[PDB]
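Encoded as structure tokens, the following chain is the form deposited in one PDB entry, with no partner shown.
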């Protein structure tokens, strides 16, 4: 569970355990002795807890201590089974804390979408835990999907095919001069739910925790929307970076620029909203780096130039994350006609 439990750990089958001993099943060309079983770790620590939709104490706690609990639980497990032999490289803790920050934040946002969508189709406002009721007029057309995108992905594949064709034709032209314009991905996109899906229940159901089936339901969701999203209906992009270093700030900044050039410049979309979430900004003048104007915006020199990155948000608690997303939906969905 969230608080480590000796008994609950004893109850695990060897394949569900957080530390996997691989001393006698080594990986070709790695010295790894113990693997941190990320998916096991989410199931044990967040099996019946989504932060922000759990107890008041978990919802209000320093979000860093929350995102850090899985690794801390896994090290206690490893120390119990293997004592002085237990060791893990800091680059395993780094990899796993990254994925954990992303998957858990994305799950908080998923439950916000479900509460939001439930209101929009006429079912009122679930009241535990307590959050401000949105004041925007409910409409099934204002529902949204939270898509944790896979490690490797190309966000263009979310678009209806006619929009993919406008992008393809643009690149065709660049190819004749030996140039390209590749697109990669944010960590997460929120999109307006396509009309064909506005009576499906799955988008309105809050999950109770990161059980292996809920992990898969959440991580596979993008496959359902691929091919179905209009350029204007990509409502928020999010990169997640557990901590910052000044040389790791650039991927979101570049991708945001490319998203703006293509969605706004080539497909008529309104302002693309892209933001970055971290738990440890400090040591960097990251807030200053992310004030940069869109390069596209500058190159066209239209009446209003916006930032490529709308904000660097540092969530202090899971409740805060949730409250911020609700306030964002409440404002951004005005723009979608009821």
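Residue numbers count along the first chain shown, from 1. Basically, rigid core = biggest C-alpha set you can superpose within 1.5 Å across the two forms.
Compared with other PDB entries of the same protein, residue 28 is missing from at least a third of those that resolve the residues around it. In at least one third of the other compared structures of this protein with flanking residues present, residue 302 is left unmodelled. In this entry, 301 to 309 has the higher mean Cα B-factor, the comparison being between 301 to 309 and 63 to 71. Taking the PDB entry as given, 136 to 144 carries the higher mean Cα B factor of the two stretches 136 to 144 and 89 to 97. If you compare the C-alpha temperature factors of 244, 217, 121, 258 in the entry, 121 comes out highest. The maximum CA B-factor among the listed residues 39, 45, 284, 35, taken from the PDB record, is found at 284. Per-chain ranking of the deposited C-alpha B factor places residue 20 in the middle third. Residue 151: CA B factor in the middle third of modelled residues in this chain (values from the PDB entry). In the PDB entry, residue 106 places in the lowest third of its chain by CA B-factor.
Sort the modelled residues of the chain by CA B factor and residue 157 lands in the middle third. Split the chain's modelled residues into thirds by C-alpha temperature factor. Residue 225 is in the highest one.
The following text describes the form deposited in another entry, which does not appear among the structures shown.
Core-aligned CA deviation for residue 314 between the shown form and the other one: less than 2 Å. A movement of the C-alpha atom of residue 301 reaching 2 angstroms or beyond is seen between the shown form and the other one when the two forms are aligned on their rigid core.
Positional change of residue 7 between the shown form and the other one reaches 2 Å or more at the C-alpha, relative to the superposed core. Note: residue 18-residue 60 Cα separation is 3 Å or more longer in the other entry than here. Compared with the form shown here, the Cα atoms of residue 231 and residue 303 sit 3 Å or more closer together in the other entry.
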